[PDB]
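Engineer: need coordinates for the following:
(2 chains)
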Amino acid sequence: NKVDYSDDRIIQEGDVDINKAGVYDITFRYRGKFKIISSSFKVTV
Amino acid sequence: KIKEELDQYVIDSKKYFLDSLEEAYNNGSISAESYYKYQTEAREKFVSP
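Structural biologist: Residues are numbered from 1 along each chain as shown, chains lettered A, B, ... in the order given. Okay, here it is:
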């Protein structure tokens, strides 16, 4: 079912420096009942 | 010197086990059941011999 991005099970890794021009590696982790899944994306300022 | 070396062996192998087990679970190379299985396993096995 559809869930919102602000849930308690979603854990993010690192910080996006909006004050600094550069690409950053940010990975979100959702702790499911059976496994934690990981997906990385790059954020360019 | 056996007890001094195996105390560092029990402690470093437990530290190495429980930093690859939390790495494999957070990455997702292991299930939630298997992560709870090997967390009770490290509490009972990686102990003073």
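Engineer: which residues of chain A lie near chain B?
Structural biologist: Contact residues, chain A versus chain B (Cβ under 8 Å from any Cβ of the partner chain): A:29, A:32, A:33, A:34, A:35, A:36, A:37, A:38. Backbone N, C-alpha and C define where each C-beta goes, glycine included.
Engineer: point me to the helix or strand that includes the most centrally placed residue in chain B.
Structural biologist: Centroid check for chain B by Cα atoms, centre = their mean gives residue B:17 as the closest residue, at 3.3 Å. According to DSSP states H and E, residue B:17 maps onto helix B:2-27.
Engineer: buried residues, the helix or strand following that helix. List them.
Structural biologist: Next in sequence after helix B:2-27, counting helices and strands by DSSP H and E, comes helix B:32-44. Buried residues in helix B:32-44, counted by 16 or more other Cβ atoms under 10 Å in any protein chain shown: B:35, B:38.
Engineer: show me how far the helix holding residue B:17 is from its chain's centre.
Structural biologist: Its chain's C-alpha centre and that of helix B:2-27 lie 5 Å apart, by Cα atoms, centre = their mean, to the nearest Å.
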